[PDB]
Amino acid sequence: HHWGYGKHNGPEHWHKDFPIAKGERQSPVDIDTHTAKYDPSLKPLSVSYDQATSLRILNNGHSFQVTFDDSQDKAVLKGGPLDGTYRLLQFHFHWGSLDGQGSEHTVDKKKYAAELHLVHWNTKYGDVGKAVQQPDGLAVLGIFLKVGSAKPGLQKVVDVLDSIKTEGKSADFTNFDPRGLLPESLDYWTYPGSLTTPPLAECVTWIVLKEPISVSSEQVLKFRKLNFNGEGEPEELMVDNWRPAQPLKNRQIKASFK
Ligand SMILES: O=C1NS(=O)(=O)c2ccccc21
Ligand SMILES: [Zn+2]
């Protein structure tokens, strides 16, 4: 039927409705650290999030997302491998049922407990619908989560998840500052890829940060209490909403750091 992460509608099935699933620049990938190429021409990232305006938090049946006002250049990503200005639209997570899985990208086949995606779109295309039709339309900042100490900047998100437990629920979520989710270092890997969910469009420049953030076991446990199902349907816990690594094919992963 409609796509998801179960036995009968999971990532192995998606190609029947979205044939680009078997395409040439699909994501995620496994980032072999010994094969990645250091590119000294790569610039530092510029992350300008001080004027970010968060709007809502929503359970969309596949993850939960926080949306931002992208009507002007308030929260933007520039630099790195990018040409031009990319506006922050939303962030969301992918996570596991157990601490040793949940990330989409892997590093030397190591999985992390979760992965944060900050989705941005290229303002030269005017709106995000147009941007997803272009090979340089989106830039996604990917951040790994490991279980350790708590991340205080994540706690405002954890505490509202009760209010959006089931598919289709949303809540007001204003004045959230996404700078509290960033690691110390902005060293990164980058490669050309795709959305990791349908429609799997090949429109993404991936920027995957080397340094994970730490979250506590209690914080991640709250992800795992969300539901895939709508209210009044049989309860299915929202866990393991990650797509496995795809073949690299004719791509090179570049590193900003030696
Ligand atoms: O689920 C997703 N992972 S992603 O960052 O590739 C992305 C981009 C746009 C819409 C959804 C999604
Ligand atoms: Zn994602």
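Residues numbered from 1 in each chain as written, not as in the entry; some residues may be left out. Chains lettered and ligands numbered in written order. Heavy atoms only, no water.

The name given to the protein chain in the PDB entry is Carbonic anhydrase 2, with the source organism recorded as Homo sapiens. Here the PDB entry's recorded title is "Joint neutron and x-ray crystal structure of human carbonic anhydrase IX mimic (saccharin)". Of the comments in the UniProt record for the protein chain, the one headed Subunit (literature references left out) reads "Interacts with SLC4A4. Interaction with SLC4A7 regulates SLC4A7 transporter activity. Interacts with SLC26A6 isoform 4 (via C-terminus cytoplasmic domain)." The record held by UniProt for the protein chain lists under Sequence similarities the comment "Belongs to the alpha-carbonic anhydrase family." (UniProt positions renumbered as here; feature names shortened; annotations may be inferred.)

Participant: Sorry, what's going on with the site of ligand 1 here?
Facilitator: Close to ligand 1 lie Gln90, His92, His94, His117, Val119, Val140, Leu195, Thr196, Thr197 and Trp206, which account for all nearby residues. The side chain of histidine 92 places a nitrogen or oxygen atom 3.0 Å from a nitrogen atom of ligand 1. Within the side chain of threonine 197, one N or O atom sits 3.2 Å away from an oxygen atom of ligand 1. Protein burial of ligand 1: of its 320 Å² of free accessible surface, 83% is covered by the chains. Those elements giving two or more residues to the shell around ligand 1 turn out to be strand 7 (86-95) and strand 9 (114-122). Broken down by element, the residue count for the shell around ligand 1 peaks at three residues, all from strand 7. (Near = heavy atom within 4 Å. Polar contact = N/O pair within 3.5 Å; in protein donor to acceptor, adjacent residues only side chain to side chain. Areas by Shrake-Rupley, 256 points an atom, 1.4 Å probe, with all protein chains shown as cover. Helix = DSSP H or I, 4+ residues; strand = E, 2+ residues; numbered from the N terminus.)

Participant: Looking at this structure, how should I read the UniProt feature "binding site: substrate" in the protein chain?
Facilitator: Feature annotation in UniProt places "binding site: substrate" on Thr196 and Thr197, given in this structure's numbering. As for its placement among the helices and strands, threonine 196 is situated in the loop between strand 12 (188-193) and strand 13 (204-209). Under the relative-accessibility criterion, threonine 196 is labelled buried at 6%. A distance of 2.6 Å separates polar atoms of two side chains, one belonging to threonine 196 and the other to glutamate 104. As for its placement among the helices and strands, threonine 197 is situated in the loop between strand 12 and strand 13. Not counting the four nearest positions on each side in its chain, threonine 197 is found in contact with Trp3, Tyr5, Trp14 and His94. (Buried < 20%, exposed > 50% of the residue type's maximum accessible area, 1.4 Å probe, protein only. Contact = heavy atoms within 4.5 Å.)

Participant: I keep staring at unusual backbone geometry and nothing clicks. Help me out?
Facilitator: Negative phi values dominate among residues other than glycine, just as trans dominates among peptide bonds. Going from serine 27 to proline 28, the amide bond is cis rather than trans, its omega being 0°. Here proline 28 shows up in the segment before strand 1 (30-31). Residues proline 198 and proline 199 are joined by a peptide bond in cis, for which omega reads 10°. Tracing the sequence through the fold places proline 199 in the loop between strand 12 and strand 13. Located in the positive-phi region is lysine 249, a residue other than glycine, with phi close to 50°.

Participant: Explain the pairing of strand 6 (residues 76-79) to me, please; I cannot follow it from the model alone.
Facilitator: Side-chain positions along a regular strand alternate between the two faces of the sheet. As paired elements, strand 3 (residues 45-48) and strand 6 share four bridges and run antiparallel to each other. Looking at the pairing, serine 46 lines up with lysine 78 of strand 6. The turn linking strand 6 back onto strand 7 is made up of six residues, and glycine 80 within it adopts a positive phi angle of 55°. (Pairing = 2+ DSSP bridges.)

Participant: In this structure, what is going on with the coordination of the zinc ion (ligand 2)? I would like to understand it.
Facilitator: Metal coordination angles in their ideal form are 109.5 degrees for the four-donor tetrahedron and 90 or 180 degrees for the six-donor octahedron. Around the zinc ion (ligand 2), the donor atoms from the protein are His92 (NE2), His94 (NE2) and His117 (ND1), and they sit 2.0 Å away. For the zinc ion (ligand 2), the donor residues sit on a single chain with the sequence spacing H-x1-H-x22-H. Taken together, the residues span a long stretch of sequence, with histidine 92 in strand 7 and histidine 117 in strand 9 at a distance of 25 residues. Look at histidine 92 and you get buried, because its relative accessible area is 12%. (Donors = N, O, S within 2.8 Å, 3.2 Å for Na, K, Ca; no water.)

Participant: Help me understand the pattern of salt bridges, please; the structure alone is not making it clear to me.
Facilitator: Two side chains of opposite charge can pair, provided their charged atoms sit close to one another. Going through the model one piece at a time under the given rule, you end up with 11 salt bridges. Measuring nitrogen to oxygen at the nearest pair gives 3.5 Å for the salt bridge that ties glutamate 24 to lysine 249. Here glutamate 24, found in the segment before strand 1, pairs with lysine 249, found in the loop between helix 3 (217-223) and strand 15 (254-255); they are 225 residues apart in sequence, far enough to count as distant. Classification of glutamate 24 as exposed rests on a relative accessible area of 52%. (Salt bridge = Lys/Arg side-chain N within 4 Å of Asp/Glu carboxyl O.)

Participant: Any chance you could explain the side chain of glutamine 90 here in plain terms?
Facilitator: Turning to its location among the elements, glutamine 90 is positioned in strand 7. By relative accessible area, which is 11% here, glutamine 90 ends up buried. Of the polar contacts made by the side chain of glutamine 90, one reaches the side chain of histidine 92; its length is 2.8 Å.

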